[PDB]
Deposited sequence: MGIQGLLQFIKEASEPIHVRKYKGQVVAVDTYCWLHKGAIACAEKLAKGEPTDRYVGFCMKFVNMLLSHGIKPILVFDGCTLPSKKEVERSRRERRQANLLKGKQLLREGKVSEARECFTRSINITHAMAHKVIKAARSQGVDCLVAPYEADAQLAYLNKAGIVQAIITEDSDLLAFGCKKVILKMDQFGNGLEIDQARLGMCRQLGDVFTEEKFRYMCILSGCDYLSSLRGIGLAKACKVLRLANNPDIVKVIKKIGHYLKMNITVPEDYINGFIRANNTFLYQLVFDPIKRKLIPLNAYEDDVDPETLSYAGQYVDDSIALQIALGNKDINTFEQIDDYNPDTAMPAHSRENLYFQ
């Protein structure tokens, strides 16, 4: 997530209602609804006690979209991307820590702080997501599990003309290159739409409204793939890309000391990490619903060599990718949990 990005391009936003997309298809980052729905029943999840509140919680939004004449495609997170594995490990550590700390604070009499701590121990499993999948198929709503991050999958679905908008709370989608992103959408249909074409309405951006320059800016500001340099946020990065009339980003990053008038020293780790980040934003593996094949988010440019993009995602046989995408195969144990078939009845 790009920290403070939404406030940064606030001028490119537009308070709309989902009715705007009536008779059209919209893909959804379901993790948001899953998380929020899981907050309501944090105790049950922390104790391991059975629950299904988040299911109905998601079904509220789903049935709402269906009521306003929208066709939603619920997209779920799949395998763990090696690029964002540090953050994953940290989040897991803090999850277990908050779990046990909650289990101990429950004994101090502070039931309030125990549940407050259980709110920060929410771990969205793939079983829950599968409950949501089945519940969605009950209403005939198409579901799709991304090979890796949901972000990339959604980005593909939006850039390939399969969907026109993306419902989410993550500003990461904008960096990937989504045309229209609906944020802050409530249970009634009220959300904030950000159109890429409106990026020109931002004075702070300047000539950084192109997808590539915008990507560079989002990366330099700090992302889940690469921590930003000490003292480099959105405005300074944007300033760099504004003042730099150079297609080669590498030399620019090397002369970041010259562009920003700051005595900046760039480690060798950061250049490689940057190339990694950009290659991850560009060529992260997604799943084509039509051709049923594992493809990168974008067409492989002749610049980069695909054999050095293992961090962007590893390939598998497209049948396995299909069985994962349908949610039939477990993301973790790789074992068959279901046997749903779209043939014998999006694709």
Next on the checklist: No C-alpha coordinates means not modelled. Give me those stretches of the deposited sequence in order.
Outcome noted: 1, 347-354, 357-358
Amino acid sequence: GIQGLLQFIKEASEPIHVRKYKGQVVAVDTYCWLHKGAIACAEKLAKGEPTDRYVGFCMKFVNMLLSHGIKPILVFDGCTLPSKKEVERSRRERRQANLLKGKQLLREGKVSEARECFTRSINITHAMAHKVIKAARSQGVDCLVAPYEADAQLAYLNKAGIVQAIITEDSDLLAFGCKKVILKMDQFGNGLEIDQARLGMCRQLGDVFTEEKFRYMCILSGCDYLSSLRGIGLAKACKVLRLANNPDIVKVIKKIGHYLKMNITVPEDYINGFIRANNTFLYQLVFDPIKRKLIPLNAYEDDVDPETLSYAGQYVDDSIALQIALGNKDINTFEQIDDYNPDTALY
From here on, numbers count along this sequence of modelled residues.
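If you superpose the two forms and keep the largest set of C-alpha atoms that fall within 1.5 Å, you have the rigid core.
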Checklist entry - Is 73-81 or 107-115 the stretch whose C-alphas end up farther from this model in 6 other deposited structures of this protein after a rigid core fit? => result 107-115
Checklist outcome for this item: Per-stretch CA RMS vs shown form in 6 other deposited structures of this protein, rigid core as reference, larger of 299-307/281-289 is 299-307
Item to check | Higher-B stretch (mean Cα B-factor, as the entry records it), 27-35 or 49-57 | outcome: 49-57
Checklist outcome for this item: Comparing 316-324 with 279-287, the higher average Cα temperature factor in the PDB entry belongs to 316-324
Checklist entry - Between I264, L234, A165, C223, which carries the biggest CA temperature factor in the record? => result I264
Next on the checklist: If I read the C-alpha B-factors straight from the PDB entry, which of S138, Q204, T125, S171 is highest?
Outcome noted: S138
Next on the checklist: By the recorded C-alpha temperature factor, relative to the other modelled residues in its chain, which third is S310 in?
Outcome noted: middle
Checklist entry - Split the chain's modelled residues into thirds by Cα B-factor; is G109 in the lowest, middle or highest one? => result highest
Checklist entry - By the record's CA B-factor, is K213 among the lowest, middle or highest third of residues in the chain? => result lowest
Checklist entry - Hey, what third does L74 fall into on Cα B-factor, ranked over its chain? => result lowest
Next on the checklist: How does the C-alpha B factor of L260 compare with the rest of the chain: lowest, middle or highest third?
Outcome noted: highest
